[PDB]
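K.L.:
target-v6.txt is the file, holding compact mmCIF, C-alpha atoms:
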```txt
# COMPACT_ATOMS: atom_id res chain seq x y z
CA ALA E 4 4.10 -8.28 -3.47
CA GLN E 5 4.45 -8.16 0.31
CA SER E 6 7.68 -6.14 0.30
CA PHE E 7 5.58 -3.16 -0.81
CA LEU E 8 3.90 -3.25 2.59
CA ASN E 9 7.34 -3.50 4.17
CA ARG E 10 8.29 -0.29 2.38
CA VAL E 11 5.08 1.54 3.29
CA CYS E 12 5.38 1.15 7.01
CA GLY E 13 8.79 2.51 6.05
CA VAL E 14 10.65 2.99 9.25
CA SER E 15 8.20 3.38 12.06
CA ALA E 16 6.45 0.78 14.12
CA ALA E 17 3.73 -0.78 12.14
CA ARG E 18 2.18 -3.49 12.50
CA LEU E 19 0.26 -2.91 9.36
CA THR E 20 -2.50 -4.96 7.94
CA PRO E 21 -3.61 -4.49 4.32
CA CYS E 22 -7.05 -3.01 3.85
CA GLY E 23 -8.09 -4.49 0.53
CA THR E 24 -6.21 -6.29 -2.23
CA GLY E 25 -2.52 -6.90 -2.87
CA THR E 26 -0.71 -3.83 -4.20
CA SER E 27 -3.48 -1.85 -5.87
CA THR E 28 -6.03 0.81 -4.97
CA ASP E 29 -9.23 0.67 -2.91
CA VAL E 30 -12.54 2.32 -3.84
CA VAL E 31 -14.45 4.23 -1.16
CA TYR E 32 -17.50 6.49 -1.03
CA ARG E 33 -16.50 9.78 0.56
CA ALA E 34 -17.85 13.31 0.73
CA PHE E 35 -15.80 15.87 -1.19
CA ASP E 36 -16.02 19.66 -1.49
CA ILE E 37 -14.93 20.30 -5.04
CA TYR E 38 -14.82 23.16 -7.54
CA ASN E 39 -13.11 23.27 -10.92
CA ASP E 40 -14.08 23.55 -14.60
CA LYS E 41 -16.82 20.93 -14.69
CA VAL E 42 -18.15 19.90 -11.29
CA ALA E 43 -18.86 22.09 -8.26
CA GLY E 44 -20.42 21.27 -4.93
CA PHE E 45 -20.39 19.40 -1.63
CA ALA E 46 -21.25 15.84 -2.55
CA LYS E 47 -20.45 12.17 -2.04
CA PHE E 48 -18.03 11.05 -4.74
CA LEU E 49 -16.21 7.81 -5.01
CA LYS E 50 -12.49 7.92 -4.43
CA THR E 51 -10.35 5.32 -5.96
CA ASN E 52 -6.68 6.09 -6.30
CA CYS E 53 -5.39 5.26 -2.81
CA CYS E 54 -4.10 2.21 -0.96
CA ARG E 55 -5.07 1.94 2.71
CA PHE E 56 -3.21 0.08 5.44
CA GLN E 57 -4.68 -0.12 8.93
CA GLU E 58 -2.33 0.02 11.88
CA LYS E 59 -2.35 -2.81 14.42
CA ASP E 60 -1.94 -2.11 18.11
CA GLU E 61 -0.09 -4.43 20.42
CA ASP E 62 -2.23 -7.38 21.54
CA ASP E 63 -3.06 -7.48 17.81
CA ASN E 64 -5.75 -4.90 18.50
CA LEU E 65 -6.95 -2.86 15.53
CA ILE E 66 -6.35 0.81 16.28
CA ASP E 67 -7.77 3.88 14.52
CA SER E 68 -4.78 4.81 12.38
CA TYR E 69 -4.46 4.40 8.63
CA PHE E 70 -1.49 4.78 6.29
CA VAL E 71 -2.88 6.18 3.05
CA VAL E 72 -0.48 5.84 0.13
CA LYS E 73 -1.59 7.63 -3.02
CA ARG E 74 -0.21 6.80 -6.39
CA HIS E 75 -0.46 9.57 -8.92
CA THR E 76 1.47 11.10 -11.77
CA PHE E 77 5.04 12.07 -11.49
CA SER E 78 4.82 15.71 -12.24
CA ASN E 79 2.45 16.26 -9.44
CA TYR E 80 4.64 14.11 -7.22
CA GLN E 81 7.46 16.60 -6.89
CA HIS E 82 5.47 19.67 -6.61
CA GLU E 83 3.99 18.20 -3.45
CA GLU E 84 7.44 17.18 -2.24
CA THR E 85 8.71 20.75 -2.53
CA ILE E 86 5.72 22.27 -0.79
CA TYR E 87 5.95 19.67 1.98
CA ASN E 88 9.64 20.37 2.52
CA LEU E 89 8.54 23.96 2.96
CA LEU E 90 5.73 23.29 5.46
CA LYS E 91 7.45 20.32 7.12
CA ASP E 92 7.99 21.91 10.53
CA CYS E 93 4.43 22.67 11.38
CA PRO E 94 2.82 20.67 14.12
CA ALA E 95 -0.42 20.27 12.25
CA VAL E 96 0.71 18.68 9.01
CA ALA E 97 0.42 14.93 8.67
CA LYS E 98 3.83 13.30 8.31
CA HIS E 99 4.39 12.48 4.65
CA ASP E 100 6.78 10.00 3.08
CA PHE E 101 7.69 10.05 -0.61
CA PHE E 102 9.18 7.11 -2.47
CA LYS E 103 9.14 5.16 -5.71
CA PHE E 104 8.28 1.48 -5.96
CA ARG E 105 8.58 -0.61 -9.11
CA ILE E 106 5.68 -2.79 -10.23
CA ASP E 107 6.21 -4.01 -13.79
CA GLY E 108 9.06 -2.14 -15.44
CA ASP E 109 8.22 1.15 -13.79
CA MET E 110 9.37 2.77 -10.54
CA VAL E 111 6.01 4.46 -10.03
CA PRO E 112 6.07 7.20 -7.37
CA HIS E 113 3.96 6.87 -4.24
CA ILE E 114 3.19 9.44 -1.56
CA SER E 115 2.27 7.96 1.82
CA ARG E 116 0.54 9.93 4.56
CA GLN E 117 0.96 8.41 7.99
CA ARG E 118 -1.29 7.87 11.00
CA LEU E 119 -4.44 9.43 9.58
CA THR E 120 -8.03 8.55 10.42
CA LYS E 121 -10.86 6.78 8.64
CA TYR E 122 -13.14 9.79 8.15
CA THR E 123 -12.14 13.37 7.36
CA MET E 124 -14.05 16.41 8.59
CA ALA E 125 -16.02 16.73 5.38
CA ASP E 126 -17.55 13.36 6.24
CA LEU E 127 -18.65 14.58 9.66
CA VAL E 128 -20.14 17.78 8.27
CA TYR E 129 -21.90 15.96 5.44
CA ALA E 130 -23.30 13.25 7.70
CA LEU E 131 -24.66 15.89 10.05
CA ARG E 132 -26.08 18.30 7.44
CA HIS E 133 -27.66 15.75 5.10
CA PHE E 134 -29.22 13.51 7.73
CA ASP E 135 -31.39 10.55 6.75
```
Could you take the file, read its structure, and then write that structure out as structure tokens?
P.N.:
Amino acid sequence: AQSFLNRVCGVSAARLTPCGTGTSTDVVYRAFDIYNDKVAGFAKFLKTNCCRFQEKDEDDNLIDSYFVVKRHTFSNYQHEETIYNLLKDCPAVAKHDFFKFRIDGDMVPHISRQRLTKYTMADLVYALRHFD
């Protein structure tokens, strides 16, 4: 519902406006740099397992800061929690926030990264190397 948004902004000061639907994911077309068993390369894929929330300034201005909450597996969910707890104290590590929110009869785990930007650096490099 709406309380999901009230959990996402968690404890800081947001002023958060949804960036899509209600409480589900949002498709985007973003440049990835991927290598595994099947696909390999630097190409524009279409990412769809995140929820985006854009931060509102005072004066109800829209500021360049997005809360990106990803919802994915449970087994992966802790591994990332452990490694974050290890690297927590670095200055360059985007502040994470791990929780579990129930939708239907499931407390599905979410991992929210805070105060990130619209475009990553892969997007800059792609846009400047494949220029049309």
K.L.:
With distances taken over only C-alpha atoms, which residue among E:68, E:15, E:85, E:52 lies nearest residue E:28?
P.N.:
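So, comparing all the options, the nearest one is E:52.
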K.L.:
Do you have the atom CA of residue E:110-atom CA of residue E:51 distance handy?
P.N.:
20.4 Å
K.L.:
Atom CA of residue E:48 and atom CA of residue E:12, how far apart in Å?
P.N.:
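Computed distance, atom CA of residue E:12 to atom CA of residue E:48, equals 28.0 Å.
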K.L.:
Please return, as a PyMOL selection string, all polymer residues that have at least one atom within 10 Å of the point (-2.1, -3.1, -5.0); use all atoms listed in the file and the file's own coordinate frame.
P.N.:
chain E and resi 4-5+7-8+21+23-29+53-55+106
K.L.:
Determine, counting all atoms listed in the file, which protein, DNA and RNA residues have an atom within 9 Å of an atom of residue E:126; residues of the same chain fewer than 2 positions away are not included. Present the result as a ChimeraX atom specification.
P.N.:
/E:33-35,47,122-124,128-131
K.L.:
Compare E:118, E:104, E:32, E:76 by their minimum atom-to-atom distance to residue E:18, counting only C-alpha atoms, and give me the closest one.
P.N.:
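Of E:118, E:104, E:32, E:76, the one nearest residue E:18, counting only C-alpha atoms, is E:118.
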K.L.:
So for stretch 65-68 of chain E, what box centre and size do we get, axis-aligned, 8 Å extra on each of the six sides, every listed atom, Å to one decimal, as AutoDock Vina command-line options?
P.N.:
```
--center_x -6.3 --center_y 1.0 --center_z 14.3 --size_x 19.0 --size_y 23.7 --size_z 19.9
```
K.L.:
Restricting the calculation to all atoms listed in the file: of E:11, E:46, E:111, E:22, which residue gets closest to residue E:132?
P.N.:
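Smallest separation from residue E:132 among the options: E:46.
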K.L.:
Pick the closest to residue E:59 from E:90, E:17, E:119, E:78: which is it, counting all atoms listed in the file?
P.N.:
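Of all the options, E:17 lies closest to residue E:59.
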K.L.:
Would you work out the distance separating atom CA of residue E:87 from atom CA of residue E:45, expressed in Å to one decimal?
P.N.:
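So the answer is 26.6 Å.
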K.L.:
Return stretch 63-88 of chain E, completed with N, CA and C atoms, as a short mmCIF file (atom, residue, chain, number, x, y, z; two decimals), in the coordinates of the input.
P.N.:
```cif
data_model
loop_
_atom_site.label_atom_id
_atom_site.label_comp_id
_atom_site.auth_asym_id
_atom_site.auth_seq_id
_atom_site.Cartn_x
_atom_site.Cartn_y
_atom_site.Cartn_z
N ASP E 63 -2.41 -7.35 19.11
CA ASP E 63 -3.06 -7.48 17.81
C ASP E 63 -4.43 -6.80 17.79
N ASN E 64 -4.57 -5.73 18.57
CA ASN E 64 -5.75 -4.90 18.50
C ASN E 64 -5.69 -4.01 17.27
N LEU E 65 -6.85 -3.75 16.68
CA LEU E 65 -6.95 -2.86 15.53
C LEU E 65 -7.21 -1.45 16.04
N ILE E 66 -6.28 -0.55 15.77
CA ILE E 66 -6.35 0.81 16.28
C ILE E 66 -6.74 1.74 15.13
N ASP E 67 -7.23 2.92 15.49
CA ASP E 67 -7.77 3.88 14.52
C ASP E 67 -6.64 4.73 13.93
N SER E 68 -5.88 4.12 13.03
CA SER E 68 -4.78 4.81 12.38
C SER E 68 -4.52 4.15 11.05
N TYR E 69 -4.58 4.93 9.97
CA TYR E 69 -4.46 4.40 8.63
C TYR E 69 -3.29 5.06 7.92
N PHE E 70 -2.53 4.27 7.18
CA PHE E 70 -1.49 4.78 6.29
C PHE E 70 -2.09 4.81 4.90
N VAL E 71 -2.22 6.00 4.34
CA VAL E 71 -2.88 6.18 3.05
C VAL E 71 -1.81 6.53 2.04
N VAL E 72 -1.51 5.62 1.13
CA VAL E 72 -0.48 5.84 0.13
C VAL E 72 -1.18 6.09 -1.20
N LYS E 73 -0.97 7.26 -1.76
CA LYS E 73 -1.59 7.63 -3.02
C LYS E 73 -0.58 7.47 -4.15
N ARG E 74 -1.07 7.00 -5.27
CA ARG E 74 -0.21 6.80 -6.39
C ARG E 74 -0.67 7.59 -7.56
N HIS E 75 0.05 8.63 -7.93
CA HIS E 75 -0.46 9.57 -8.92
C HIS E 75 0.62 10.42 -9.58
N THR E 76 0.60 10.35 -10.90
CA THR E 76 1.47 11.10 -11.77
C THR E 76 2.81 11.28 -11.16
N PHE E 77 3.72 11.82 -11.94
CA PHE E 77 5.04 12.07 -11.49
C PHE E 77 5.22 13.53 -11.37
N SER E 78 4.66 14.28 -12.29
CA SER E 78 4.82 15.71 -12.24
C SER E 78 4.21 16.28 -11.01
N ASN E 79 3.04 15.80 -10.65
CA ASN E 79 2.45 16.26 -9.44
C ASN E 79 3.34 15.82 -8.32
N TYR E 80 3.80 14.59 -8.30
CA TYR E 80 4.64 14.11 -7.22
C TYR E 80 5.75 14.99 -6.69
N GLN E 81 6.53 15.69 -7.48
CA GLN E 81 7.46 16.60 -6.89
C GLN E 81 7.02 17.91 -6.38
N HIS E 82 5.93 18.33 -6.94
CA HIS E 82 5.47 19.67 -6.61
C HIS E 82 5.10 19.50 -5.14
N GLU E 83 4.39 18.42 -4.82
CA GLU E 83 3.99 18.20 -3.45
C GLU E 83 5.18 17.98 -2.55
N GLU E 84 6.25 17.37 -3.06
CA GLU E 84 7.44 17.18 -2.24
C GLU E 84 8.06 18.51 -1.86
N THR E 85 8.16 19.43 -2.82
CA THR E 85 8.71 20.75 -2.53
C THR E 85 7.87 21.48 -1.50
N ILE E 86 6.55 21.52 -1.72
CA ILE E 86 5.72 22.27 -0.79
C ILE E 86 5.73 21.63 0.60
N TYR E 87 5.84 20.31 0.68
CA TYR E 87 5.95 19.67 1.98
C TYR E 87 7.24 20.07 2.67
N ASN E 88 8.37 19.93 1.96
CA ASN E 88 9.64 20.37 2.52
C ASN E 88 9.56 21.79 3.05
#
```
